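Everything on this sheet refers to the single structure shown next.
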Amino acid sequence: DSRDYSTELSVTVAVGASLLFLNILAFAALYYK
Amino acid sequence: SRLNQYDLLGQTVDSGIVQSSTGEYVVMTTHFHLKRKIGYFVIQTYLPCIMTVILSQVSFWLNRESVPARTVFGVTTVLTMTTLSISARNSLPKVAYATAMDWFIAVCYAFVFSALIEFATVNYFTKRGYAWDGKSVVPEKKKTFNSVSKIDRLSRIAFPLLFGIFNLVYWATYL
Amino acid sequence: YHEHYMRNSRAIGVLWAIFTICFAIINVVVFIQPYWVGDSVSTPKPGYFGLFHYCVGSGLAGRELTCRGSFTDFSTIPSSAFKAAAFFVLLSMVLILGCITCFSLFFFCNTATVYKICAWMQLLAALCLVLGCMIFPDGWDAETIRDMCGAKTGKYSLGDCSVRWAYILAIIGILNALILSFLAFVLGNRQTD
Amino acid sequence: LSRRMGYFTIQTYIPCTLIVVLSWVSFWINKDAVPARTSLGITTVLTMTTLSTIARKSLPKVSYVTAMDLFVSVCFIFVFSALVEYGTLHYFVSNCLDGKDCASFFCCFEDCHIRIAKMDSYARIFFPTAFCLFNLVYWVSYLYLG
Amino acid sequence: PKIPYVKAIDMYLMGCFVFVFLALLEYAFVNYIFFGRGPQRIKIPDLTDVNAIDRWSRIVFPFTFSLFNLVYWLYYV
Ligand SMILES: CCCCCCCC/C=C\CCCCCCCC(=O)O[C@H](COC(=O)CCCCCCCCCCCCCCC)COP(=O)(O)OC[C@@H](O)CO
Ligand SMILES: CCCCCCCC/C=C\CCCCCCCC(=O)O[C@H](COC(=O)CCCCCCCCCCCCCCC)COP(=O)(O)OC[C@@H](O)CO
Ligand SMILES: CCCCCCCC(=O)OC[C@H](COP(=O)(O)O[C@@H]1[C@H](O)[C@H](O)[C@@H](OP(=O)(O)O)[C@H](OP(=O)(O)O)[C@H]1O)OC(=O)CCCCCCC
Ligand SMILES: CCCCCCCCCCCC(=O)OC[C@H](COP(=O)([O-])O)OC(=O)CCCCCCCCCCC
Ligand SMILES: CC(C)CCC[C@@H](C)[C@H]1CC[C@H]2[C@@H]3CC=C4C[C@@H](O)CC[C@]4(C)[C@H]3CC[C@]12C
Ligand SMILES: CCCCCCCCCCCCCCCC(=O)O
Ligand SMILES: CCCCCCCCCCCCCCCC(=O)O
Ligand SMILES: CCCCCCCCCCCCCCCC(=O)O
Ligand SMILES: CCCCCCCCCC
Ligand SMILES: CCCCCC
Ligand SMILES: CCCCCC
Ligand SMILES: [Cl-]
């Protein structure tokens with residue numbers, strides 16, 4: 001097996017970035033009076 | 001016959017050929033047919049479980065105001081069924097699949113649990129904390145008294161009927 | 001204007017609940033799955049290890065991954081730092097599941113106080129997750145970890161072994177937990193208005 | 001080899017779950033029914049103590065918690081918590097730029113305890129929610145993730 | 001010893017279990033008679049009076065248990 005972890009790391013970081021993006025959007029909804 | 005558990009019905013004698021990587025071999029075969037004795041498990045396991053279920057269902061015939069009494073029935077019958085289940089399973093070969101007696105005990109345990117839940121539902125709708133005093137007249141719809149719970153009246157028919165039909169189908173299936 | 005305010009409050013609260021559930025799933029996954037660290041091309045032996053569970057190869061040009069380590073057993077864990085990290089991550093799991101339970105309190109209790117309760121609970125869960133993530137590399141000096149990765153690996157030093165998806169997922173969980181806690185605080189205050 | 005779960009499902013998992021449910025039944029029993037609720041709680045605790053005996057009958061005396069041990073332990077804590085909940089309820093009933101400050105934007109030091117009379121209302125949904133969440137994490141963990 | 005068939009001791013234990021079970025049913029019957037049939041308003045006494053049922057049980061349960069003991073011991077000894 002090709003013992004390299006880039007696509008796995010890439011997709012995990014993509015999912016994490018999506019989650020944090022949605023949560024900062026939640027702050028954008030709140031803090032905007 | 002040195003058998004305590006079983007009864008030897010008979011024997012069947014035959015012959016055949018068995019294949020192997022080394023070759024074909026003649027095999028003389030006998031088959032002794034055995035039937036387990038049921039009376040011990042009836043007197044020891046099935047009957048006390050049935051009587052415990054009957055005791056659990058007996059709680060429906062008491063007045064709804066006897067909250068500690070009916071709670072004591074429910075939980076102590078649960079404990080008794082637990083003890084009976086553990087004892088019945090202890091004297092049995094340690095098989096990881098469920099046998100017929102396991103299913104019977106499970107259904108009885110569910111029936112006892114359901115009787116306790118039925119009492120809980122009945123007590124949730126009890127209004128007055130005092131039972132009928134005997135002397136005072138109850139005007140059918142202290143001055144006022146709680147009516148007999150229609151949940152109790154329905155359970156008095158439903159629970160024994162359900163247990164009876166379960167017993168009928170169980171014993172018809174396995175016997 | 002008030003109805004827009006209330007509808008946005010409701011929608012943002014629902015979204016905060018979904019993201020809380022997502023973070024709880026992340027916490028369970030990172031606690032269970034043993035892919036915090038992984039072998040490399042230059043590693044003496046193959047395999048991987050997480051907080052408590054570790055699998056290592058026999059070393060005969062195959063997998064034959066012998067596996068050992070369960071959190072229920074406090075001895076198979078390679079080092080005390082690993083034990084502390086596993087305990088902290090478990091406590092974070094318990095805290096976040098406790099907030100998901102406290103979602104039930106929304107029926108009766110005032111919305112602000114329950115929002116603050118999950119806010120503090122998620123902040124504490126994030127603090128526990130940070131403590132676990134900081135304490136976990138301390139245990140890389142363990143003789144089993146050294147035997148896997150090599151002699152160069154040590155305290156706070158990856159060496160040949162490389163971090164796999166679970167570690168970065170835990171860091172993402174840390175960030176997510178902090179921001180969810182702040183979101184809960186501001187939501188609880190914005191209900192009061 | 002893979003073990004079969006039919007006997008364990010029938011014998012200890014389902015009965016332990018049912019005993020936990022019967023412990024929850026105390027929350028719907030009316031307050032001031034002190035003997036009933038106390039008897040229910042303590043006898044459910046006794047029944048869990050009885051049930052926990054058969055958890056390790058098959059196994060050797062290993063010094064780590066198995067999945068069965070964990071399930072039984074958590075159910076025991078659940079019934080213990082129900083009884084302690086009723087005890088607490090009975091005792092307390094018988095007798096700079098973000099928005100404001102670090103006491104009103106956090107710790108609720110404005111009134112808060114006061115509302116203890118509604119502890120049964122909380123426990124009616126809190127206890128089933130906690131047990132259902134525990135079962136979801138418990139069963140998903142031991143079957144799919146690992 | 002595990003010897004699965006019915007024995008004298010098994011019969012005695014079953015008999016005693018039946019007696020305690022019957023006593024519990026007797027109380028249940030008394031309770032239903034007082035509280036169930038009430039609001040609608042040795043030779044067995046009338047069912048109406050709960051004290052009559054209790055006195056009948058007081059007389060009869062020891063007598064029936066003694067009869068069971070006599071039959072058991074004479075049949076087995
Ligand atoms: C209080 C009033 C006084 C009551 C006094 C009675 C006291 C209690 C009864 C009996 C005690 C006698 C000792 C028990 C002895 C066991 C009974 C017995 O011997 O018959 C067995 C029948 O099994 C069987 O049909 C299995 C069935 C067992 C009986 C129970 C089935 C019906 C239960 C329905 C549920 C209703 C719920 C109520 C809801 C209202 C086998 O025999 P059989 O020759 O074939 O040999 C077969 C060979 O394998 C060795 O037995
Ligand atoms: C797989 C894991 C399974 C997860 C399952 C978790 C389930 C956990 C158990 C119960 C949740 C209970 C939620 C109940 C929410 C109901 C809240 C409600 O009734 O509406 C109002 C809005 O509240 C609010 O904005 C608070 C919003 C609460 C949001 C939480 C519920 C969302 C659950 C959506 C499920 C998504 C699943 C997706 C997973 C992939 C508040 O009322 P109210 O003004 O009258 O009071 C004011 C006071 O005077 C008296 O209460
Ligand atoms: C597991 C949870 C399940 C939840 C089940 C939920 C089932 C459920 O909701 O029950 C409601 C009802 C309550 O039963 P219940 O006997 O307690 O009825 C009340 C009781 O009689 C009170 O005494 C009455 O007041 P009072 O004495 O005169 O002062 C009151 O009338 P009122 O005050 O209005 O005048 C009555 O309402 O009974 C059914 O209809 C169910 C029949 C089917 C039962 C089927 C049983 C097998
Ligand atoms: C064997 C399983 C049986 C399950 C039967 C569940 C039936 C419960 C129906 C709830 C009825 C209801 O809403 O009224 C009770 C209280 C209302 O508050 P209160 O004024 O009556 O004190 O309502 C509440 O405040 C909380 C009610 C409970 C909601 C959670 C029920 C979860 C039950 C699942 C158990 C496994
Ligand atoms: C009370 C409510 C809100 C939270 C309950 C927390 C539950 C889900 C926690 C408490 C203890 C935890 C367990 C502790 C140890 C182990 C052993 C490990 O090898 C697999 C995970 C497993 C089996 C955990 C699964 C989740 C768990 C059961
Ligand atoms: C885990 C639950 C245990 C069993 C609890 C049973 C009690 C049920 C009480 C609620 C019955 C439904 C009430 C309907 C609303 C009403 O009209 O009062
Ligand atoms: C050691 C724990 C025993 C279990 C006790 C359960 C019931 C405790 C009730 C609350 C106790 C704390 C209240 C203190 C107030 C006071 O001074 O009386
Ligand atoms: C209703 C509240 C209780 C919630 C928990 C329900 C799950 C009880 C566990 C029953 C044992 C299930 C066994 C699953 C494994 C299997 O059968 O293969
Ligand atoms: C898809 C993997 C799910 C893992 C379990 C999630 C539990 C969420 C907390 C109840
Ligand atoms: C097995 C429980 C039956 C309940 C009928 C209402
Ligand atoms: C499962 C028990 C039901 C009781 C009658 C509502
Ligand atoms: Cl494990």
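Just so you know, the numbers here start at 1 and follow the chain as drawn.
The deposited model was determined using electron microscopy, 2.9 Å.
From the backbone N, Cα and C atoms, a Cβ is placed for every residue, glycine too.
Listed in Swiss-Prot:
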{"type": "TOPO_DOM", "residues": "D:30-35", "note": "topological domain 'Cytoplasmic'"}
{"type": "TOPO_DOM", "residues": "D:56-67", "note": "topological domain 'Extracellular'"}
{"type": "TRANSMEM", "residues": "D:9-29", "note": "transmembrane segment"}
{"type": "TRANSMEM", "residues": "D:36-55", "note": "transmembrane segment"}
{"type": "TRANSMEM", "residues": "D:68-92", "note": "transmembrane segment"}
{"type": "TRANSMEM", "residues": "D:122-142", "note": "transmembrane segment"}
Comparing D:9-29, D:68-92, D:122-142 for Cβ pairs under 8 Å with the transmembrane segment (D:36-55), the winner is D:68-92
Helix, strand and coil residue totals from DSSP for the topological domain 'Cytoplasmic' (D:30-35) stand at 2 helix, 0 strand, 4 coil
Same-chain residues at least 6 beyond the ends of the topological domain 'Extracellular' (D:56-67) with CB under 8 Å of its CB atoms are 73, 138, 142
Per the Cβ filter (under 8 Å) with a sequence gap of at least 6 from its ends, the topological domain 'Cytoplasmic' (D:30-35) is approached by 89-90, 93, 120
